[PDB]
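Asker: Before I ask anything, here is the structure I am working with.
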Amino acid sequence: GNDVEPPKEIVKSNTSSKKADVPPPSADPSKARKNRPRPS
Amino acid sequence: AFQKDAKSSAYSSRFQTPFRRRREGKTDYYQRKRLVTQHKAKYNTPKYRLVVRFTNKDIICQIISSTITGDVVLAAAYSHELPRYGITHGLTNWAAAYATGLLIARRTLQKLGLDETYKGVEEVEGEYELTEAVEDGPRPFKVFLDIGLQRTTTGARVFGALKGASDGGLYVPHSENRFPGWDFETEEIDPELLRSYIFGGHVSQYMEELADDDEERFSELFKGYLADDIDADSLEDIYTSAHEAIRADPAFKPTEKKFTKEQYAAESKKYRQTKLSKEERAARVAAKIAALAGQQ
Amino acid sequence: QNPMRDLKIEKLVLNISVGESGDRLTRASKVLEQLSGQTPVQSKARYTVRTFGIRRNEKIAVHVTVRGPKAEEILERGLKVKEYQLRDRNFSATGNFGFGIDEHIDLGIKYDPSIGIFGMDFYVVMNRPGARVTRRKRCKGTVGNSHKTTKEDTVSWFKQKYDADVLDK
RNA sequence: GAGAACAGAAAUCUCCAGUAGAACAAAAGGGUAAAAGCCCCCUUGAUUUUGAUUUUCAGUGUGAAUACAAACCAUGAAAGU
Ligand SMILES: [Mg+2]
Ligand SMILES: [Mg+2]
Ligand SMILES: [Mg+2]
Ligand SMILES: [Mg+2]
Ligand SMILES: [Mg+2]
Ligand SMILES: [Mg+2]
Ligand SMILES: [Mg+2]
Ligand SMILES: [Mg+2]
Ligand SMILES: [Mg+2]
Ligand SMILES: [Mg+2]
Ligand SMILES: [Mg+2]
Ligand SMILES: [Mg+2]
Ligand SMILES: [Mg+2]
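Residue numbers (our numbering), protein chains in the order written: chain A, 1 to 40; chain B, 1 to 296; chain C, 1 to 169.
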């Protein structure tokens, strides 16, 4: 008794002219850091 | 202006400013060129544009031809002129745009001579038609609809003004796929709906749609419609009567003298500030050098 | 001197950076859907890294833009989760602000293990009235310095409303 | 540049600045910002007929190109292209 009585596909479009499949100039391991926060 | 963003002397020097009417986001030159430019083998026949603009709730309808020294207006009709013919509120509605279109149509036709001839369509049933030429007679005046930067959407008031001018008698080459009542998929137009929009069937339907569901919003929206004892039923006739009044008199007479321009120039020069003298600023900087660098 | 320089919320955009495509993404999408009521938008990967295991145009993310009272609603629904406590950071020098929240069930939304639990980036973009000049077609212009959002002025507005927090340098 | 859970130099989201520092198959040089670039919608004018014109030149040919005439079409509200 009384026992408890996918969305539409919208895809964003990019305004960047670039169409090559290569990382940007900022995506370079150089700018990482030595002994960064690293939660332990 | 974050200091990390300020522009350098080189940037400003090597920067190219666009045309003033572009920097003011007012003229689409890529469109103006193709509308104004005329066939080089006719060589004086001006391309007449029917500029239709929309101020915030006020319609402008001018007929212009371009000139190397500046566009010249042939005829001009502002929707704010409708009181004369019989309309008082909302002169931004589709019916107001159609009214102004018909107004300028007859106005220019009379200013030209094609008044008795090319009377346009009077019994406006909301049909799709163009002002056809007369057998063994002068061809109708032809103008091209200049919507400026307006975004062409199916069923807009810009095209309403278009319908008004065409129905008035002007020859404006035009399609029908952007007239309210155009069926997106099926290729059929609803003239009952178009006629409705020409008269106010949507505004009138809104009036009697709010009159018995929410008098609290109809209270102020449409306030004047009640302040002048007039409901939805009436609307079609106010517009039709305005149509008859315009076709009867397209005259445009202007505003009364009303404190003539020299007087206006004076009462406004009072607020117009004029640049300072070079010696004035010279001393204005000398005073600052004395008051700031002179140890207080 | 402001009788009209009153700070409204332009939009609130929620964003799940689901690192890959597939079922996980259609699920984060369905979450966004019954968090907004509007069909969310999917975001494709710009380039390919392969350390993150993604590919160009992979459809690896989803977001949704909500404006008005609904935005205030979800904004408060998340402010609660964060105990009305933000930092001097998290604010754009341009006036806007945002936070992040894992544990998306803290927003009222039930568990439903057929979808899992997901995190979400909350970004609120604020603006005074008349911001339409920068976003309209005709006469698109720039708003005066005194009229556009500031970081200090926005944190002050944020503190005054809900008295929530500042918390550090 | 400043900002947002995992998220890190590099994932996705937002705002600000941004004369082009991009992109436009390819070599380079021109050219291009409500475009010539990016997203989208509709199309087959990359079609039919025979002439003229520019470059190379003998003012031959070929290649390429330009502006009209006569058709039949595409697109757009449209001028137009
Ligand atoms: Mg792109
Ligand atoms: Mg960008
Ligand atoms: Mg210098
Ligand atoms: Mg255009
Ligand atoms: Mg004020
Ligand atoms: Mg991964
Ligand atoms: Mg090149
Ligand atoms: Mg071919
Ligand atoms: Mg040679
Ligand atoms: Mg020879
Ligand atoms: Mg030979
Ligand atoms: Mg030859
Ligand atoms: Mg040949």
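Every residue, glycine too, gets a C-beta built ideally from N, C-alpha and C.
On a CA-only basis, which of C:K30, C:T150, C:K140 and C:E73 is nearest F97 of chain C? Give me that one, please.
Answerer: C:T150
Asker: Does the region 273-293 of chain B come within contact of the region 235-243 of chain B, defined as at least 3 CB pairs closer than 8 Å?
Answerer: no
Asker: Since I60 of chain B sits in a beta bridge, which residues does DSSP pair it with?
Answerer: B:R53 and B:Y78
Asker: Please report how far the alpha carbon of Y47 of chain C lies from the alpha carbon of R56 of chain C, in whole angstroms.
Answerer: Here the alpha carbon of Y47 of chain C sits roughly 5 Å from the alpha carbon of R56 of chain C.
Asker: Taking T26 of chain C as part of the beta strand (DSSP E), name the residues at either end of that continuous run.
Answerer: Premise fails: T26 of chain C lies in the alpha helix (DSSP H), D23 to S36, not in any beta strand (DSSP E).
Asker: Secondary structure at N57 of chain C, three-state DSSP: helix, strand or coil?
Answerer: In the structure shown, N57 of chain C sits in coil (DSSP, three-state: anything other than H, G, I, E or B).
Asker: If we define contact as Cβ-Cβ less than 9 Å, is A93 of chain C a contact residue for chain B?
Answerer: yes
Asker: Tell me whether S8 of chain B, by its Cβ, gets closer than 8 Å to a heavy atom of ligand 3.
Answerer: At a threshold of 8 Å, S8 of chain B counts as near ligand 3, since its beta carbon sits closer than that to one of the ligand's heavy atoms.
Asker: Between the region 27-43 of chain C and chain A, which residues of the former have CB atoms less than 7 Å from a CB of the latter, in chain order?
Answerer: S29, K30, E33, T39, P40, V41, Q42 and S43
Asker: Tell me whether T94 of chain C counts as near ligand 2, meaning its Cβ is closer than 8 Å to at least one heavy atom of that ligand.
Answerer: no
Asker: Scan the region 127-150 of chain C for residues whose Cβ lies nearer than 8 Å to a Cβ of chain B and list them as they occur along the chain.
Answerer: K137, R138, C139, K140, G141 and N145
Asker: Would you say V49 of chain C reaches chain A, if we count a Cβ-Cβ gap shorter than 9 Å as a contact?
Answerer: yes
Asker: Quick check: is any heavy atom of ligand 6 less than 8 Å from the C-beta of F122 of chain C?
Answerer: no
Asker: Rounded to whole angstroms, what is the Cα-Cα separation between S9 of chain B and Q3 of chain B?
Answerer: Looking at the backbone, the Cα of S9 of chain B and that of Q3 of chain B are separated by about 14 Å.
Asker: With a threshold of 8 Å (Cβ to nearest heavy atom), would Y78 of chain B be considered close to ligand 4?
Answerer: no
Asker: Using the DSSP secondary-structure output, state which residues sit across from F259 of chain B in a beta bridge.
Answerer: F259 of chain B is not bridged to any residue.
Asker: Which chain A residues sit within Cβ distance under 8 Å of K59 of chain C?
Answerer: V11
Asker: Can you list, in chain order, the residues of the region 125-158 of chain B whose Cβ is nearer than 9 Å to any Cβ on chain C?
Answerer: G148, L149, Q150 and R151
Asker: Which whole runs of the beta strand (DSSP E) in the region 141-169 of chain B are 3 residues long or more, in chain order?
Answerer: 144-146
Asker: If you measure beta-carbon to beta-carbon, which residues of the region 3-34 of chain B are closer than 7 Å to chain C?
Answerer: Per Cβ criterion, the list reads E24, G25 and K26.
Asker: Flag this pair as yes or no: are the beta carbons of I60 of chain C and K82 of chain C separated by less than 9 Å?
Answerer: no
Asker: So, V155 of chain C versus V143 of chain C, is the Cβ gap smaller than 9 Å?
Answerer: no
Asker: From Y264 of chain B to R272 of chain B, what does the alpha carbon distance come to, in whole angstroms?
Answerer: 12 Å
Asker: Measuring straight from C-alpha to C-alpha, what distance separates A245 of chain B and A105 of chain B?
Answerer: 14 Å
Asker: Name the two residues that bound the continuous beta strand (DSSP E) containing residue 182 of chain C.
Answerer: This structure gives no information on residue 182 of chain C, because the portion of chain C shown stretches from 1 to 169.
Asker: Determine the burial state of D183 of chain B: buried for a count of at least 16 other Cβ atoms within 10 Å of its Cβ, exposed for fewer.
Answerer: exposed
Asker: Please classify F52 of chain C: does DSSP put it in a helix, a strand, or coil?
Answerer: coil
Asker: Would you call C139 of chain C buried or exposed, if buried means 16 or more other Cβ atoms sit within 10 Å of its Cβ?
Answerer: exposed
Asker: Determine the DSSP secondary structure at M120 of chain C, reduced to helix, strand or coil.
Answerer: strand
Asker: Determine, using beta carbons only, whether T39 of chain C and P25 of chain A come nearer to each other than 9 Å.
Answerer: no
Asker: If we call anything under 9 Å between Cβ atoms a contact, is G137 of chain B one with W94 of chain B?
Answerer: no
Asker: I'd like to know whether the C-beta of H104 of chain C is nearer than 9 Å to at least one C-beta of chain A.
Answerer: no
Asker: Examine chain C for any beta-carbon lying closer than 9 Å to the beta-carbon of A97 of chain B, and answer yes or no.
Answerer: No, because no Cβ of chain C sits closer than 9 Å to the Cβ of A97 of chain B.
Asker: Nearest by alpha-carbon distance to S114 of chain C: which of C:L25, C:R5, C:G19 and C:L7 is it?
Answerer: Nearest to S114 of chain C by alpha-carbon distance, out of C:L25, C:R5, C:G19 and C:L7, is C:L25.
Asker: Should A164 of chain C and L75 of chain C be called a contact, given that it needs their Cβ atoms to be closer than 9 Å?
Answerer: Contact: no.
Asker: Could you tell me whether any Cβ in chain C is nearer than 9 Å to the Cβ of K8 of chain A?
Answerer: Yes, because at least one Cβ of chain C sits closer than 9 Å to the Cβ of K8 of chain A.
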